[PDB]
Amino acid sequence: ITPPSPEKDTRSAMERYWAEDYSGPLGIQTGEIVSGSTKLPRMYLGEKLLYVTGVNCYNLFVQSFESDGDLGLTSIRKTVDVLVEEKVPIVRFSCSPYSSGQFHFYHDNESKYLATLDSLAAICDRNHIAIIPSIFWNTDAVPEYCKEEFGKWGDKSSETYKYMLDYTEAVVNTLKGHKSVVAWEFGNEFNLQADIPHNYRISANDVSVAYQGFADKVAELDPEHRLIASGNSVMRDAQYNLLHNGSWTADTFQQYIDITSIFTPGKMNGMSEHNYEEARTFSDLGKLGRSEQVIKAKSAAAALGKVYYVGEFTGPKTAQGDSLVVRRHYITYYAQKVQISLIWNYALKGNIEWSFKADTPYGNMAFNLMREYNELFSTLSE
């Protein structure tokens, strides 16, 4: 028989994506579910609507030189074995050295470093692990390496901005052929560095310029046009007012959409937030619980043509072992049909801040919840 259409396919998104007969676009695609003129932007994988929960594995790649010291695969393979055994479907990881003092692991021999990254992606292909590289994890590091002030991220003529383009090109060219790579994320929590009155280093508009240059370069190189994401935390309550007035006045909802747009520009359609044990407050709507915060974030995303995801949220070590604190996140994300949510943080040896490892009480707490909620997500549709 002729194979059935994507909607006629009874398999799930991840199952259809990872099947041997899949020959569709790689990575997360943005489509829309339509009711008349209403187009709700939504994530697709394997041509079906995606709903999944996974983990951060911050050091999935960088452990190859930060821990193993040789750009080898010893710890990577041990880590992937755990991810497979625990049934982790999706992982976010850092795709660059945290410190400029370790940039030599790339520049000493660029082809060796990129070969280890290619190998990681190949291992994830074979083991059916979807990964999201977060390319400029610590935004301090590139300006430091270039002996430039941090604001040069927003200056297209700077060595910092050139390095961003050159490194983006290197990563995308290495990874674009791998079906495990499902999205490209700029870096980690860049928005939190902007417009701080008593720590004044960069403006939201400068960050936006870097995001726009990143997204344009990725779009130029990636024939699969998979999701380009920010890696932002939540916007600060006052994110817009810090930029425009240098004040800590909580933003209105309209101002939140505005500043979200600055921090998710152009071709960057992945609206990341990180959900800590902190509430969202609007000057007009007030202080909200997490359910209403997610509903408001998804409403902002939809209006902007973006898709929301929770790139980090509270894990067992941050919760001091209170499973109810963690469970509250999963309850909300399932109820509000959040399409990707990633708990902080799995580390092979548990040696990353606020992280868990396998076969411990905190590890089991996280992985049991992850499996429990992927079982519920696995039938979700809209």
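From 1 onward, residues are counted along the sequence shown.
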Using the B-factors recorded in the PDB entry, average over the C-alpha atoms of 241-249 and of 291-299, then report which stretch comes out higher. 241-249
Stretch with higher mean Cα temperature factor, 169-177 vs 197-205, is 197-205
From the list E273, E277, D258, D118, select the residue with the highest C-alpha B factor recorded in the entry. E277
Kindly indicate the residue among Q63, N345, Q320, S341 with the greatest C-alpha B-factor in the PDB record. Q320
So where's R328 on the chain's Cα temperature factor ranking, which third? lowest
Looking at the temperature factor on the CA atom of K349, which third of the chain's modelled residues does it land in? middle
How does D155 rank on Cα B-factor within its chain, lowest, middle or highest third? middle
Ordered by C-alpha B-factor within the chain, which third holds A229? Give me lowest, middle or highest, please. middle
Chain thirds by Cα B factor, record data; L369 belongs to the lowest
